[PDB]
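**Student:** need coordinates for the below:
(4 chains)
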Amino acid sequence: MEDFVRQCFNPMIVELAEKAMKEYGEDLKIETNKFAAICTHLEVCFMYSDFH
Amino acid sequence: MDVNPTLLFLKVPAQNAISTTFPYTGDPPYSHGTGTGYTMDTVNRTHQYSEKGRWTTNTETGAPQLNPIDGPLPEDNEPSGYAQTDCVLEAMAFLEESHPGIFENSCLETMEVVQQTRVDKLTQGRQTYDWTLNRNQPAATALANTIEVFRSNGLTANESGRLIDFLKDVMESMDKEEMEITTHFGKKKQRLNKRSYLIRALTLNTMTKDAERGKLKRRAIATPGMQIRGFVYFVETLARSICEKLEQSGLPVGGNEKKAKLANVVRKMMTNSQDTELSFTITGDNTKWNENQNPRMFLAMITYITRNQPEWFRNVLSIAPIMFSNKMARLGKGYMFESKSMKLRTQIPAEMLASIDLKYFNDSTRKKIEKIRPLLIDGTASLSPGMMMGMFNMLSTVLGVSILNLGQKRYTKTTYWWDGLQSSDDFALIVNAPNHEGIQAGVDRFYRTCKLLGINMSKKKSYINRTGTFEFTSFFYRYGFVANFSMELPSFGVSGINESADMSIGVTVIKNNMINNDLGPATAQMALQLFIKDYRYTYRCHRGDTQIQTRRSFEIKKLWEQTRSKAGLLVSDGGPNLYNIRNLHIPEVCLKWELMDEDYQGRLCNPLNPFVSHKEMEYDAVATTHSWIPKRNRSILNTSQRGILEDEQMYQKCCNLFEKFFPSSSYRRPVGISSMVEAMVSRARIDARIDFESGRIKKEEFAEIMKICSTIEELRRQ
RNA sequence: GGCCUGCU
RNA sequence: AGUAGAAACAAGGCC
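**Tutor:** Numbering: from 1, shown residues only, chains lettered A, B, ... in the order given. Sure, structure below:
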C-alpha cells in the first residue's frame, strides 16, 4: 500500500511524514496505516495554513 | 644495632601499622612491550580450565568453540570452569525468594532506562576498538565512524537518536550481504563480506595492563568493539539496579558505604551469636575469576531475571551474553625479533603467527603458539569459554551475592550458617556454628557450592580466624576499621590539569584524607607545605621575592614588584600561601578576594581573556585566566591519518555556529532529528518573526534575513 | 643535509 | 656496555 501514500500526496509532505515516523521510532513497512494517517493530517494542516 | 622496621610489629598490631607494608612510593611496574605474550597465555589457560568441556564449531564465524557448562563435576581442587546450569538457577531462585520482587522492580527500572537512553551515552566511555580502522580510537571517534559507515551502507534507523534504534541498526548490519568502508591510506573502498564483518564485529582488542600494584607478573586487559558496547551498557544497568537492592552486594557503592555495610554485617553476625556459638571470618579471595565466568551462565541469569517481561526487553538484554559467547580475542601487537650477528631488529604482526615458522621463538612461546594455533582464525583466536576482563562485574557480583545468600540457615538446614559481603573477585564470609567441626563443615559446604556455581576460592590467599580481625579489598578491620593512609598517597602530587585546577584538587585531596583516612592536623599541614612546594616547582610560579631563575621568573618578579597588596597574588602568580587546616574547603581565588588589588583583580578574572576554556573527583573550581588547557601531542601528522584533523576543524566550526544559534546546546545536549541546516534556518526565521512583531527588527532587515534564509534553503536543496 | 613527532 | 625483566629501550617515519 506504500504506492498510495507515495503517489496521492506531494513529495515534500511524504518526506516530512517519513521524518516524523523515523523520529517516533516506528517503521513504515509495518504500520503503513499510521504513515497514511500522518501524511493526511499534515496535508490537512498545510492546506489550512496556506493562502493566508 | 641493625635497624629493622618490620620488628615494629612486635608491639604495634599489624592492622594499625599496616601502612608501613605498602610500597606505594615508587614507580609501579610497567609493561615494556607487546601484550601478545599474555593474551595467548590467557586464551590457553581459559581453554585449559575447561578442556573436558564439549567442543563444537560455530557455523557463522566458522571458528571452534568450547562449551563447558553442565560439564563433568570437578574431581580435584584445581580451578574448574564447569558451572552447572541447574545450580546457577537454584541460586538465582533462592535469591529471588529471599528478596521478593527484586527482579520485577529491576526490570521495570531498566525498561524505563532502555526506552529513554540516547545514542550519545556511548560517547562517555574509555578507549574502544573501532572495527573500521582496526585500531584503538576514543569512544566518540569510534561511534562517529560506525554511524558514518552505517549511514553509507543503507542502515539509517539510528537517526531517531535513541540507543535502541542504533542497536537495531547493529543487528540489521550483520545480515547485510556485504558491508563496505572508505578508509584512507585519496581513499580506497574496502568491501567486507558477511563473515569478515561478523568476525570483525565480535573481535576484542587486547592490550597489556599498565601501572598495576601488587603483582609480579603483568596481566592483559581487553577493550570491546563498538557493536557490543550498547548491549553491555544495558546489561550493566540491570545488574547495577539489582545490586543496589542487595544488602550483601558492595560493588555499586563507594568506599565509605562499603565500610558501613561490612561493619553492619559483622555486628549482626558476631554480636547476635550467643556465648556458646563460635564465629570465624574468612578473608578469602577467588582465583582466576574472569577465566571461569562463562557467558552462558550470564545468559541463564538474564533469562531468569527477565521472566514475565515484554519479549523485546528480554531480547535486547539477552543479546549481550550471546555476542560475548562468540567473542574472538585479537592477539595484539605481535612479537619482535632481533639479530645479534647481523645487528638488526624486525617486527612481525601478530596476524602471521598462524603461518610463521616456529624456529624463531623461545621454548615457551613456541609451545604457546603450538597450542593456540588451532583456535586462530584470520588473525584472531576464539575465546568463548571465559571472559577477558570484567565488563560484567555487576552480574558476577550478583552471582556471588546469591551464593552468599544460599546459606541463611533456611537453605543450610543445619546448625552452621554463613553470610557476609561480596565485591566482585573479593569476599568476606562469616561462619557460625556450635563446635569447630561445625565451622569445618560450613566452610566445606561453601567451597563446594562455589565450585558448583563455577567460582573458585583461592586456597593460597585465604585464612580463617576467629571473628574480629579480618581484611576486605584492602579495608583492614580490627574491632573497627583502621585507616591505612598508603593507598591514597599517589593522589597528593599535582594532578596536572592546570594551575587553578591543580590547587583546588590538591587542597580538596588533603581535606578528604583528613576526613576519611584519619590524617592528623600536623601531617595535614606538612602535606600542604609539600604540595605547595611541588606545585611551585612544577609551574615555575615561585614566590617572587626569591632570586630563582627560570623561564617564567622575570615577569613573575615584575608583577610582584608592580602590585601594591603583595599578600593577594595567587600562588600561581607568585603570591604567598594563605591556606591552613581551616581554609582547605575554600577555593583559592575566593580566599584572597579581600586582599586583591582592583587592577590585578580585574585582569585576573576577565571573561574576555583567551585562556579560559569555558569549563570541561569533584574539585571546586573558579573560572580564571589560570584555567588554560594543555596542548596535544600532535603525533598524528606523520601518519597517514592527517585528514582527520581537517574533520575536527570543520566539526568544531559547525558546532560553534550551532552553539551561536541555540544558547542551550552547551548546557544540555541538543535533541531532535532535523538536519542542522534546517534547524538553524527555522530558528533564524522564528527569531526574526518575533523580533519584527515586537522588537528591534524592522521591515528592511526582516526582508534581508528572509531572503538570505530562502537562498540558504535553495543551496541546501541542491 | 632539510621537514615532521616525544602517549598514536 | 647500560636500563630492564617473561619484552622492550639503547631513536622512528617520509622524501
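**Student:** confirm that residue B:345 sits in a helix.
**Tutor:** No - per DSSP: H, G, I helix; E, B strand; the rest coil, residue B:345 lies outside any helix segment and is strand.
**Student:** check contacts around the closest residue to it other than its chain neighbours.
**Tutor:** Leaving aside its chain neighbours, residue B:345 sits nearest to residue B:338 (4.6 Å; criterion: C-beta to C-beta, 6 or more residues apart in numbering or on different chains). (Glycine included, C-beta is placed from N, CA and C.) Going by C-beta atoms under 8 Å, 6 or more residues apart in numbering or on different chains, residue B:338 touches B:344-346.
**Student:** in JSON lines: these, plus neighbour count.
**Tutor:** Shown next, in JSON lines, are the contacts of residue B:338 (neighbours: other C-beta atoms under 10 Å in any protein chain shown):
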{"residue": "B:344", "neighbour count": "9"}
{"residue": "B:345", "neighbour count": "9"}
{"residue": "B:346", "neighbour count": "10"}
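**Student:** returning to what we had before: state the distance from the residue nearest to residue B:345 to RNA strand C.
**Tutor:** 21 Å (C-beta to the nearest atom of the strand, to the nearest Å).
**Student:** secondary structure element for that residue?
**Tutor:** strand B:336-339 (DSSP states H and E).
**Student:** now do that strand: distance to the chain's middle.
**Tutor:** Centre-to-centre, strand B:336-339 and its host chain are 35 Å apart (C-alpha atoms, centre = their mean, to the nearest Å).
**Student:** mind listing what that strand pairs with, with the direction of each?
**Tutor:** strand B:344-347 (antiparallel) (DSSP bridges).
**Student:** list the buried residues for the helix or strand following the strand it pairs with?
**Tutor:** Sequence order places helix B:365-372 as the next helix or strand after strand B:344-347, per DSSP H and E. For helix B:365-372, burial by neighbour count (16 or more other C-beta atoms under 10 Å in any protein chain shown) applies to B:365, B:368-369, B:372.
**Student:** from the contact counts, what lies against helix B:365-372?
**Tutor:** Applying 3 or more C-beta pairs under 8 Å, 6 or more residues apart in numbering or on different chains; DSSP states H and E, we find helix B:365-372 packed against helix B:36-48.
**Student:** find the nearest non-adjacent residue to residue 46, please.
**Tutor:** If you meant another chain, say so; for now it's chain A. Residue A:46 sits nearest to residue A:13 (C-beta to C-beta, 6+ apart), 6.9 Å away.
**Student:** you answered for a different chain; I wanted chain B.
**Tutor:** Closest to residue B:46 by C-beta to C-beta, 6+ apart is residue B:386, at 3.9 Å.
**Student:** so that neighbour makes contact with residue B:48?
**Tutor:** No - using C-beta atoms under 8 Å, residue B:386 makes no contact with residue B:48, being 10.4 Å away.
**Student:** quick revisit: tell me, how many residues neighbour the residue nearest to residue B:46?
**Tutor:** Neighbour count of residue B:386, defined by other C-beta atoms under 10 Å in any protein chain shown: 26.
**Student:** how about the helices in the stretch 51-200 of chain B?
**Tutor:** Using DSSP state H, counting those that start in this stretch, the helices found in the stretch 51-200 of chain B span residues B:85-98, B:102-116, B:139-152, B:163-174, B:194-202.
**Student:** pretty sure residue B:289 is touching residue B:397, no?
**Tutor:** No - the criterion here is C-beta under 8 Å, and residue B:289 misses it with residue B:397 at 10.6 Å.
**Student:** those two: who's more crowded?
**Tutor:** residue B:397 (26 against 22).
**Student:** quick check: residue B:500 vs residue B:659, distance?
**Tutor:** Distance, residue B:500 to residue B:659, by C-beta to C-beta, to the nearest Å: 24 Å.
**Student:** my bad, should have said residue B:700
**Tutor:** 28 Å.
**Student:** who's more crowded, those two?
**Tutor:** Set side by side, residue B:700 and residue B:659 show more neighbours around residue B:659, with 14 against 8, by other C-beta under 10 Å.
**Student:** thought residue B:666 was touching that one, still the case?
**Tutor:** Yes - using C-beta under 8 Å, residue B:659 is in contact with residue B:666, at 5.7 Å.
**Student:** and the strands in chain A?
**Tutor:** Counting by DSSP state E, chain A forms no strands at all.
**Student:** how about the residues of it near chain B?
**Tutor:** Contact residues, chain A versus chain B (C-beta under 8 Å from any C-beta of the partner chain): A:19, A:22-25.
**Student:** how about 7 Å then?
**Tutor:** Within reach of chain B by C-beta under 7 Å from any C-beta of the partner chain, chain A has these residues: A:19, A:22-23, A:25.
**Student:** which residues touch the closest residue to RNA strand D within chain A?
**Tutor:** RNA strand D sits closest to residue A:22 of chain A, with a gap of 44.6 Å, by C-beta to the nearest atom of the strand. Each residue near residue A:22 by C-beta atoms under 7 Å, 6 or more residues apart in numbering or on different chains is listed here: B:159-160, B:673.
**Student:** try 6 Å this time
**Tutor:** residue B:160 (C-beta atoms under 6 Å, 6 or more residues apart in numbering or on different chains).
**Student:** look up how far RNA strand C lies from it.
**Tutor:** Distance from residue A:22 to RNA strand C, by C-beta to the nearest atom of the strand: 35 Å.
**Student:** burial measure for residue B:337, as a count.
**Tutor:** Residues within reach of residue B:337, counting by other C-beta under 10 Å, total 11.
**Student:** and for residue 20, nearest residue in space, chain neighbours not counted?
**Tutor:** By default, I'm working from chain A. residue A:38 (5.9 Å).
**Student:** can you look at chain B instead?
**Tutor:** Counting by C-beta to C-beta, 6+ apart, residue B:20 lies nearest to residue B:5, which is 6.5 Å off, once chain neighbours are set aside.
**Student:** please, which helix or strand holds residue B:205?
**Tutor:** In the assignment (DSSP H and E), residue B:205 maps to strand B:203-208.
**Student:** what comes into contact with that strand?
**Tutor:** Outside strand B:203-208, the residues that reach it (C-beta under 6 Å, 6+ apart) are B:31, B:35, B:39, B:129, B:218, B:220, B:222-224, B:327-330, B:332, B:380, B:388.
**Student:** and these near RNA strand D, which?
**Tutor:** B:31, B:218 (C-beta under 7 Å from any atom of the strand).
**Student:** which one of the contacts of strand B:203-208 has the most neighbours?
**Tutor:** Neighbour-wise, the contacts of strand B:203-208 (other C-beta under 10 Å) top out at residue B:39, 29 neighbours.
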